[PDB]
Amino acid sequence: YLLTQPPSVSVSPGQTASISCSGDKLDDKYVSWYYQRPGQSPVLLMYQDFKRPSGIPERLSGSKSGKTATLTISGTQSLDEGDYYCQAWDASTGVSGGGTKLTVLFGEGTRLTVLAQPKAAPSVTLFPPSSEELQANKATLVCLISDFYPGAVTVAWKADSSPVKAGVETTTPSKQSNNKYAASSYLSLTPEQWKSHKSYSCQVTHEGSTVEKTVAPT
């Protein structure tokens, strides 16, 4: 089987986040929970369904009902933001025999967002191909999305009116020295494509709302 987890979870500061983990065998398999900050290494949080390893605060608690196990964190804080993974095992003697096969499965994880500031709206700065790049037979559209809280965005490009999904590369969001979020998106085209279309647009969609910017050849 496999472990399923909410790709992301939000709790307001000082409040209780619950993070679930669903597996077809977890009705009878010890779960363990891990922490990971971007760049840093995984930390054991919880093992054997509920057992806090030493040095891990009482405010974190671990339970499992049915095929569902839950990580609970009370008293949440900025210091809790990161990913959290449930793990478990699986065995199976071979029918031909040849022993017992062990497997360690991990959930895919839950980015925990702690809502430390108010919902803010993306600043979008869209740039057109420069003379230099155009003179270099390349063309690049540069969508700068900055200052959104929280930290999710679907991005989209209109080639004139229709979406275009060729030559698109976006960055998974990143915090700032202010503490909102920031990502970039790019559309590659030929100096042809650019020249001929009436316009191109960058279409950011953040928290149930959408906002687009536009450019046309000089």
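Start at 1 and count along the sequence shown; that's the residue number.
Note on 137-145 vs 92-100: mean CA B-factor is higher in 92-100. Taking the mean C-alpha B-factor of each stretch as recorded, 39-47 and 155-163 are not equal, and the higher mean is that of 155-163. Residue set 124, 112, 71, 105: peak C-alpha B-factor at 124 (per PDB entry). The residue among 176, 54, 32, 63 whose C-alpha atom has the highest B-factor in the PDB entry is 176. Remark: residue 205 belongs to the highest third of its chain, ranked by C-alpha B-factor as recorded. Ranked by C-alpha B-factor against the other modelled residues of its chain, residue 25 falls in the highest third. In the deposited entry, the Cα temperature factor of residue 129 sits in the bottom third of values across the chain's modelled residues. The PDB entry assigns residue 77 a C-alpha temperature factor belonging to the middle third of its chain's modelled residues.
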